[PDB]
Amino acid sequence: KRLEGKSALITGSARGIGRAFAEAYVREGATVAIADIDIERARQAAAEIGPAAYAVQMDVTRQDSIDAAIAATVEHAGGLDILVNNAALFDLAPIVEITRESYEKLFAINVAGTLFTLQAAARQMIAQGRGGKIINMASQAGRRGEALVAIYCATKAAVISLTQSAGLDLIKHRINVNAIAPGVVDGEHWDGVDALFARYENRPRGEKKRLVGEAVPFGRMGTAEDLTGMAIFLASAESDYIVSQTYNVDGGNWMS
């Protein structure tokens, strides 16, 4: 068990990628705060995962909620050792149709949410004096722009950048900051994602997803489970010398 006795918090972990990370972390001996805007779903998730997972209501766009979430983790587990910034929102629209609402919402959650949660965790970790681990969720989208995905790509580029900056600033406190960049990951969101491409590219529903899946060198779209090995690795002692990096786990969909 590579994370034995560790205290983690994962934002947006009631469902999806964050939820898989939560389960993997518990398997590896960690206690995990299931942080989510949906307290009901967080409580269900925590009960399904087991005794070591516990629900925390959190809105990463609000400072008071961020601070309350950190304090609940300290209260419940005695401190905080691992942060995963997984909360994210996707959207899509061509340049001439980008709205200020899309820009503000996606930046508030994907960039500000990650930045200020990272900062609150950093402060707690510094106060503890024991290190150690922060993992941001980037994306292939942050590696290169895309015609219909300007806002989301830009938030993920910002995340990769913040990962580098925070990494350099916090390593003196024995805190590693790194990021994982998935490529295309299958899941409940892809119906809406495909529908959005179908609308703007004028394709039959389902065609975009299929083309995307067929283009991954590996042979298929990713699963959350493809990513858990890396999430454990970057939270363990085996990654202590790894600083300010973004690692693509994407079946070859992007090369860095």
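Start at 1 with the first residue shown and count on from there.
Stretch comparison (133 to 141 versus 180 to 188) by mean CA B-factor in the PDB entry places 180 to 188 on top. Higher mean CA B-factor, judged across 37 to 45 and 190 to 198 from the recorded values: 37 to 45.
The PDB entry assigns its highest CA temperature factor, among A231, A30, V216, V60, to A30.
Within the listed group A71, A122, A93, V159, the record reports its top CA B-factor for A71. In this PDB entry, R174 carries a Cα temperature factor that places it within the lowest third of its chain's modelled residues. Placement of the Cα temperature factor of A55 within the chain: middle third of the modelled residues, per the deposited record. Among the modelled residues of its chain, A22 has a C-alpha B-factor that falls in the middle third according to the deposited record. Ranked by Cα temperature factor within the chain, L227 sits in the lowest third according to the deposited record.
Remark: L9 belongs to the middle third of its chain, ranked by C-alpha B-factor as recorded.
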